[PDB]
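These notes concern the structure reproduced below.
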Amino acid sequence: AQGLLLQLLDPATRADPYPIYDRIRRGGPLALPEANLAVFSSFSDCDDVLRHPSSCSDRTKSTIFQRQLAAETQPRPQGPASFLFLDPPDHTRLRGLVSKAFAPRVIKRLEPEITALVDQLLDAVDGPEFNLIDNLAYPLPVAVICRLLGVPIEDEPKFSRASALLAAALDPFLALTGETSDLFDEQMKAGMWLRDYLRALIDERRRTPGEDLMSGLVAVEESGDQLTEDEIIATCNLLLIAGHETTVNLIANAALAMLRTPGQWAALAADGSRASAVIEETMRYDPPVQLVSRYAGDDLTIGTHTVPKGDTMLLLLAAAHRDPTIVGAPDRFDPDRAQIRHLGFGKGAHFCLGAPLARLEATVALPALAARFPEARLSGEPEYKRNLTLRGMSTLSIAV
Ligand code: HEM
Ligand SMILES: Clc1ccc(CO[C@@H](Cn2ccnc2)c2ccc(Cl)cc2Cl)cc1
Ligand SMILES: Clc1ccc(CO[C@@H](Cn2ccnc2)c2ccc(Cl)cc2Cl)cc1
Ligand code: NA
């Protein structure tokens with residue numbers, strides 16, 4: 001159990017973790033009460049945990065979180081990045097406010113901007129080989145999130161640094177190794193800098209509001225107690241990291257899969273309407289978010305496996321998506337299959353509010369990319385980041 005998880009953590013396996021994921025799933029649920037940890041990997045088990053009324057997202061109920069806090073020799077810096085309690089009503093209230101701005105029909109209005117952005121980025125692409133990450137996959141969703149949150153493009157390099165650091169902090173290193181990350185100090189600093197910057201931006205938007213989402217949230221904060229400044233900072237932290245470290249991998253993973261599967265790139269190049277099917281199959285086959293976690297709010301049962309109160313439950317979504325009880329030929333990338341209702345955007349009370357935006361960004365980017373370069377070929381094996389949870393490529397080289 002410990003061995004297989006350590007192989008999964010090993011950066012050398014990031015390029016292809018799926019043989020390990022399948023091996024973990026076939027081995028069944030991993031019960032590790034000694035490390036306050038349970039690991040689920042089948043579709044049934046992951047679904048059940050995401051559904052369970054006792055499953056908590058709040059860190060206060062985590063035993064590992066309580067142990068980590070007790071061992072620390074200094075107070076954590078002020079801000080939601082270190083700590084913010086939210087009861088179920090707080091969470092529902094925040095989702096309600098954010099969901100209106102991220103509704104598919106509101107997000108749809110960003111298509112012209114996204115289309116012009118995709119066209120300009122592709123116009124800038126030079127042969128004989130280019131890095132898809134640098135040229136399209138990364139800068140597109142970054143430009144969209146910066147404009148949506150009203151963040152100045154001049155400060156983007158600093159927002160890029162903080163998002164990369166905080167996206168890596170979501171790796172369950174403490175739950176799996178027993179010790180904290182080697183980037184812990186930098187992640188703390190990035191959290192501090194973001195807090196101070198967003199606090200300064202919030203104040204500026206009080207005096208001089210814009211048409212951005214941050215300015216919209218400030219107006220709600222200013223109109224009544226329905227929203228606090230800390231809640232705005234927490235929300236904007238989440239959105240900013242989502243904008244930098246998620247869609248990039250949906251776009252890039254899909255491009256990679258099409259290049260690795262004979263005829264798939266050509267098919268999309270000849271028929272743009274295949275975009276949606278390619279995207280959903282990428283969400284299943286090579287998910288941008290590889291895993292999620294929940295904490296047992298009380299003693300609970302998943303199937304026949306009991307989880308003690310306070311323990312962390314890691315859900316290996318990448319493994320769940322290749323479960324032979326839910327999908328035929330699970331380890332094959334096939335956009336022409338009868339698609340499953342995958343867990344790539346989560347589900348229930350915590351379902352991804354950015355799903356419409358992510359889908360829209362990819363739906364514009366991918367078919368334009370294939371149509372622009374129908375002759376495209378993967379020139380070499382891709383280069384991956386250390387990230388396990390928000391897993392992605394730093395280099396995806398395409399020959400043109
Ligand atoms: C393809 C890209 C994306 C993927 C694969 C993805 C995946 C996910 C998943 C799996 C969850 C559930 C977390 C859990 O259950 O613990 C989630 C939550 C969330 N996502 Fe995304 N996401 C993406 C892009 C985005 C974007 C671009 C935004 C907006 C900027 C966004 C906003 C959110 C928010 C606000 C939540 C929290 C909802 C809640 O806690 O109630 N996501 N995402
Ligand atoms: Cl729409 C929406 C808006 C905001 C949140 C809050 O999300 C929490 C995490 N959390 C806790 C329980 N479920 C997720 C959070 C995000 C960022 C920071 Cl820096 C700190 C915290 Cl505590 C959730 C949904
Ligand atoms: Cl300091 C800080 C604290 C909390 C967050 C939340 O980060 C979100 C970003 N995200 C990713 C996809 N959609 C949104 C997130 C990360 C990992 C997972 Cl598994 C799920 C989620 Cl919702 C970010 C920074
Ligand atoms: Na949540």
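Whatever order the structure lists ligands and atoms in, that order sets their numbers, starting from 1. We number each residue from 1, following the sequence as shown.
With hydrogens and angles left out, the side-chain atoms of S215 and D212 include a donor and acceptor closer than 3.5 Å. Judged purely by distance below 3.5 Å, without hydrogens or angles, the side chains of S394 and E383 pair a donor atom with an acceptor atom. At a cut-off of 3.5 Å, with distance as the only test, a side-chain donor of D155 or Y197 sits close to an acceptor on the other residue. For the 3.5 Å distance criterion, the side chains of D171 and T389 qualify, holding a donor opposite an acceptor. In summary, the side chains of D230 and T228 do not present any donor paired with an acceptor at a separation below 3.5 Å, with no hydrogens or angles considered. A donor-acceptor pair shorter than 3.5 Å cannot be found between the side chains of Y384 and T395.
At a distance under 4.0 Å, a protein heavy atom can be found next to atom 24 (C) of ligand 3. Proximity of atom 12 (C) of ligand 3 to the protein is indicated by at least one non-hydrogen atom lying closer than 4.0 angstrom. The presence of a protein heavy atom under 4.0 Å from atom 21 (C) of ligand 3 is ruled out.
Against a heavy-atom cut-off of under 4.0 Å, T389 is close to the following atoms of ligand 3: 19 (Cl). Less than 4.0 angstrom separates some heavy atom of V292 from each of these atoms of ligand 3: 19 (Cl). Against a heavy-atom cut-off of under 4.0 Å, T246 is close to the following atoms of ligand 3: 11 (C), 12 (C). Counting the atoms of ligand 3 from 1 in the order shown, those under 4.0 Å from a heavy atom of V289 are 19 (Cl). Heavy-atom proximity to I241, at under 4.0 Å, picks out these atoms of ligand 3: 23 (C), 24 (C). Within the listing of ligand 3, atoms 1 (Cl) sit less than 4.0 angstrom from a heavy atom of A81.
With a 6.0 Å cutoff to the six-membered ring centre and a 45° limit on the axis angle, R59 does not count as a cation-pi contact of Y295. Both cation-pi conditions hold for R322 and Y18: the charged atom is under 6.0 angstrom from the six-membered ring centre and inside a 45 degree cone around its axis.
By heavy-atom distance, the residue among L238, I233, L390, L239 lying nearest atom 9 (C) of ligand 3 is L238.
More than 12 heavy atoms of other residues, nucleotides or ligands lie within 6.0 Å of CZ in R95, so this atom counts as buried by the packing criterion. Within 6.0 Å of CD on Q2 lie no more than 12 heavy atoms contributed by other residues, nucleotides or ligands.
Protein heavy atom at the shortest distance from atom 10 (N) of ligand 3 is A242 CB, 3.9 Å. Protein heavy atom closest to atom 4 (C) of ligand 3, with residue, atom name and distance, is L170 CD2, 4.5 Å.
Here the options are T63, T312, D311, the test is side chain to side chain donor-acceptor pair (under 3.5 Å), and the partner is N36; only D311 passes. Considering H321, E280, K347, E281 in turn, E280 is the only one that fulfils the side chain to side chain donor-acceptor pair (under 3.5 Å) rule with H342.
Residues with a heavy atom under 4.0 Å from ligand 1: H91, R95, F102, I145, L238, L239, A242, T246, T247, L250, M283, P288, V289, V292, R294, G344, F345, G346, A349, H350, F351, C352, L353, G354, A358.
The atom of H350 that is an N, O or S and sits closest to the Na ion (ligand 4) is ND1.
In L291, the part holding a heavy atom less than 4.0 Å from any atom of ligand 3 is the backbone.
Nearest heavy-atom pair across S82 and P77 is OG-O, 2.9 Å.
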